[PDB]
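1. just coords:
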RNA sequence: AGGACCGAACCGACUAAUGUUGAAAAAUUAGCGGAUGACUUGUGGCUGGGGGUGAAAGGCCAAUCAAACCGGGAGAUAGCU
RNA sequence: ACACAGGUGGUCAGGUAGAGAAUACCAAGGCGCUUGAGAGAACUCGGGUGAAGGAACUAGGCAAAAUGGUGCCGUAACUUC
RNA sequence: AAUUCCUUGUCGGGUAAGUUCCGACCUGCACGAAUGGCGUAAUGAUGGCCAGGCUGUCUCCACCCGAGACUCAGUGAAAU
RNA sequence: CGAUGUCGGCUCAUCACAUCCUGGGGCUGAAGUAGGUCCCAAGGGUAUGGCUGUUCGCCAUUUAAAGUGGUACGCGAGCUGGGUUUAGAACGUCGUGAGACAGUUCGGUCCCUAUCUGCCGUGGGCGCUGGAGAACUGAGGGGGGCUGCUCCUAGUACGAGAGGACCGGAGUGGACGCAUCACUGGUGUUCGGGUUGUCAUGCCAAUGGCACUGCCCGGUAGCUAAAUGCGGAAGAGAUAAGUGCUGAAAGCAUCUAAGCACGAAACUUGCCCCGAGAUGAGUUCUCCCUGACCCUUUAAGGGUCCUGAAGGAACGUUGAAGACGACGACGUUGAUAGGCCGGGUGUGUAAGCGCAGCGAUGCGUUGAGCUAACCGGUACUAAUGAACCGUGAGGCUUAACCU
């Protein structure tokens, strides 16, 4: 069964995972740094990191893209204005993910994820 | 259900004399603070391998 | 990196059949039959064309009255003389496998407006 | 492909239009067949055109397959279904007065010498 | 019998006129250098060792540091030792040449097969499948009964059950030769080999072919 | 004009799988029968142990039944365990 | 037995899709539920793809599945009509 | 034959092979006239048999999606 | 008898043989084709369905064969439950009846949370006589075995008549075991297009969730068999059954006794695989370690003060690998994974804008827009420090030799 799969199976149904990472990416463009579990922090890189490359063009051929997920005006207020154009001469690598230890009072794995350039 | 023997102190001694799961060997510190941490994570005041990655 | 490319280019032809599925053709073979070599010809519509190099199968379907006869030729192989086009066609979805289920008026396969 | 209960189609005159496989044979423990196999076959529906009767068990030789063949000239030949030429129960080889379509260019050689008079396409 | 160490580099087709595609595997041999020969009066051996090291020098094992630095200059990889009597090769000789196959009809391959992990006892040992109908259950992917009633009560070494499938170096004992180049370490052979480009391959002259 | 044909609510609990020291002290999943009536359901009453109830099966009558439950006879009796 | 995959007389029973007080998803109004963080091997239950076909399976098409709506055209045997 | 010992009755129909089923045979061990006879119809979770439609029952599996098992942290059983 | 589950089939085993097939011979009323008949040899092999509770059977079709037995007629904590060994009755026969049949047909029930003696898998530890790293020898053993059809032989020899060969040489099938995704299909949710129902994004626009992946399509990487291949070598050694020469027991005679040639598919090796826990712990490639004071009839050690090598672990990034271990690729002495770039490959001409079209919708701009797993390039993000483990020249005796 299964063979190659690089993405994590995590927990609960696929629509739960979808509506978790959709909302958590909204929280990431709201605070630019998140405290969470190592599996969540490392899977949050998907689609959101290449969305910075998508947004670098400021073009009309891309104008109907990158608003399929996280559909709150919080993202399209930054998209093609600074979200994208702030990394447009770096050539890749827009997110950093590192581990912080264990959740306080148990053993669940803790981490953090950030955007590499952020106003605070 | 079936039982031929109730395991003696000496029989269970082979599970209570040489087994391993942890050793807490030496641990890690930064030159800024002697409050010990594990080998590959960030501390609560933001220290990690000389790179001090988050400040508040 | 591919380091057998020079051994694949020993079989592969520099002239690649390149016209998309739905063109109506005539394909020629030598048969050889030990000691009875003769140029033999098959007619139909091309239902598979390009692009996996030496693996490209090249499939043709006769679409004859009450007869769906089908052949796979491998144009890079030593057993094919020629391929020639007599009519244009037009597809814009999939590698034409529906020409098993389409017949007659449904086998007209457009004309590339040519 | 080509197994017990499989339906095949006609290839010769006075042969039947619905014929069924019951034995693949031609070797030990065989269950699947291709072109040039000889099948133990039953007439499953009998018609006024056929010189045959329902439930009569005979032999037939495979000339069309839905999997196809590449042995003849080195390029695949594949058909809409599976078809076989009916064989003579007494004196072996085909018994039909005419064969339909191209068929196989083997059904005319020194193991089928009664058949050289017919006019299929190959 | 001696052999060459290498890898698969791809697959090709050469065709027949009658005809079919004819699959031809492409093999390349590397680092058959030789650094040790074992003979005379001790422990019954007569053998030659190829020592196939090619590793990044920045991570070489401490036992292998200074061990090829005078001859061979590269470490890591399989050592590989083959039986050889009275051919008179030395550690100051020349690397084993794939010209060994210039008049050879067919070759014998030993090489790491595709991994399957645990796979299954019926998938590995080809047992006859019990029907999953009329109320039969828990009988469809199992090795079946592991011994006999009353008397033995100890299990026989003839019964097979769990382990790992694939990764065995196997026996593919007849591949007919198609082309060889000793100036380019290149070998072409008719048919399939075990594994892929991430594997290892050994090739010897054939014996039951 | 429906002891009409099909089919929801409403009633039943026939079929297959699951569960079987269970999540459930027979429950769940999907079918299936009946569904204006020899149909169904709320309330208070009446029928009680050889007596009820039963268009009848040793079916049913409070986790108890070829004679239920509870106080006494009772420490029944035994060419017997 | 309980902060129990449970049971439950009578009322109002919105909008949109629909044959539907089926199922679906939008008001009014409500919720994300006191074990949950990883892993998604063996192993289990439930659900859903696929070629040629084809009952060849099996005592037995049990189960499983195609089919499934509506308007119109059409409708055999036998018959006590 | 819901009753013909044992015997696929004996023969024909349908099947590739039919102890089941369809039709006959009379010479019924133990059919037989309201503890009915025989035919039959509307109804039938009734008993048995055929064919097509269709199909993962099967060739032979190949596979994928949930929710448990599997590992930890707080709490923590049993039959024997 | 204070519970020894039963017949039938499936599935998995194990040992013999009075030999079915294959292999080796003899006889014959054995030309030859067969057949009829008897041991030589158990080395290799030895069915699919119907009706039926059946094993037992009576039938349809295959095959090189459809051999014969043992083990509670082996295998229900490995399977169903047809038959039967749970109530039900039914029709016929019998009892006056409560009921039953040298009666049949039909309805009806099948457990586990696997502990230990065990087996599989995997890690740790002890030892091989200091401390380690990596290969090898083989005390022993398992695996392989047989086998179709066609053409030449062959219409000859032989045979009233009908017919009709031996052998080594080729072609062509099929597969137990084993390899692979190529051939040719299928599937491919991770790539892209078409589309129904509903809700929503302030609205427009066209986009997204959800409904068997809601519906229909191709397709990579991959998976796979419903696909294709390869392999049961010759030799060496000594035999079995058997063929001979020369020649004795028992002065003839004789393949057996001495001598001598020749003898099987099996046996011992070769072919393929396994293996030093082989207290009998083997070899090689090599690598490193050269402490002390106080005390003991003291090669053992006890206390204390000093000093650390070879080489490992921890820490990790990760995949063609994998339950977990482990295995291969990698940790700036850097392309292991992510981002980025370009190739490679798939899908099908985006949205906007204009125009044509009563309008729906198309067409151009435009081979357009988008593109995963395969590959190269690019360090843009990410792959702990001294600390830990493990030393400080290794026991007795025989001998050599320098003080």
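-> On my side now, so go ahead. Residues are numbered from 1 along each chain as shown, chains lettered A, B, ... in the order given.

2. what ranges do the strands span in chain E?
-> E:4-13, E:23-29, E:36-38, E:47-49, E:81-83, E:106-111, E:172-181, E:186-190, E:201-205 (DSSP state E).

3. Does anything pack onto the fifth one? Which helices or strands?
-> Using 3 or more C-beta pairs under 8 Å, 6 or more residues apart in numbering or on different chains; DSSP states H and E as the contact criterion, the elements in contact with strand E:81-83 are strand E:47-49. Placement of C-beta: from N, CA and C, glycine included.

4. I'd like to know which elements the strand it packs on is packed against.
-> With contacts defined as 3+ C-beta pairs under 8 Å, 6+ apart, the packing partners of strand E:47-49 are strand E:36-38, strand E:81-83.

5. Pull up the pairing partners for it, direction included.
-> According to DSSP bridges, strand E:47-49 forms sheet pairs with strand E:36-38 (antiparallel), strand E:81-83 (antiparallel).

6. Now distance to RNA strand G too, for those, in a markdown table please.
-> As requested, the strands paired with strand E:47-49 are exported to a markdown table (distance: least, C-beta to the nearest atom of the strand, whole Å):
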| stretch | distance to RNA strand G |
| --- | --- |
| strand E:36-38 | 42 |
| strand E:81-83 | 36 |
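
7. and residue D:49, which of those strands is closest to it?
-> With respect to residue D:49, and counting by C-beta to C-beta, the nearest of the strands paired with strand E:47-49 is strand E:81-83 at 72.2 Å.

8. Quickly note the distance from whichever residue of chain D sits closest to chain B to residue D:23.
-> Nearest to chain B in chain D, going by C-beta to the nearest C-beta, is residue D:29, at a distance of 46.4 Å. Remark: distance between residue D:29 and residue D:23 (C-beta to C-beta, to the nearest Å) = 12 Å.

9. Bridge partners for the closest residue to residue E:178 other than its chain neighbours, pull those for me.
-> Once flanking residues are discounted, residue E:178 sits nearest to residue E:188: 4.2 Å by C-beta to C-beta, 6 or more residues apart in numbering or on different chains. Beta-bridge partners of residue E:188, counted by DSSP bridges, are residue E:26, residue E:179.

10. I'd say residue E:188 and residue E:26 touch.
-> Yes - contact criterion C-beta atoms under 8 Å: residue E:188 and residue E:26 qualify, at 5.9 Å.

11. Identify the contacts common to those two.
-> C:7, E:12 (C-beta atoms under 8 Å, 6 or more residues apart in numbering or on different chains).

12. Settle it for me: which of those two has more neighbours?
-> More crowded of residue E:188 and residue E:26, by other C-beta atoms under 10 Å in any protein chain shown: residue E:26, with 21 against 18.

13. show me what contacts that one?
-> Counting by C-beta under 8 Å, 6+ apart, residue E:26 has contacts C:4, C:7, E:8, E:9, E:10, E:11, E:12, E:186, E:187, E:188.

14. Show me what from chain C comes close to chain E.
-> Counting by C-beta under 8 Å from any C-beta of the partner chain, chain C comes close to chain E at C:2, C:3, C:4, C:7, C:8, C:11, C:32, C:54, C:74, C:77, C:78, C:79.

15. By neighbour count, which of the residues you listed wins?
-> residue C:74 (23 neighbours).

16. what about the longest strand in chain B?
-> strand B:33-37.

17. Please point out which parts of stretch A:69-82 sit buried.
-> By 16 or more other C-beta atoms under 10 Å in any protein chain shown, the buried positions in stretch A:69-82 come out as A:69, A:70, A:75, A:78, A:79, A:80.

18. Tell me if stretch C:93-103 is near RNA strand G.
-> No - shown here: stretch C:93-103 not in contact with RNA strand G (C-beta under 7 Å from any atom of the strand), separated by at least 8.4 Å.

19. For RNA strand I, which of the helices and strands packed on strand E:47-49 is the nearest?
-> strand E:81-83 (3.9 Å; C-beta to the nearest atom of the strand).

20. Is RNA strand I within reach of that closest one?
-> Yes - using C-beta under 7 Å from any atom of the strand, strand E:81-83 reaches RNA strand I at E:81, E:83.
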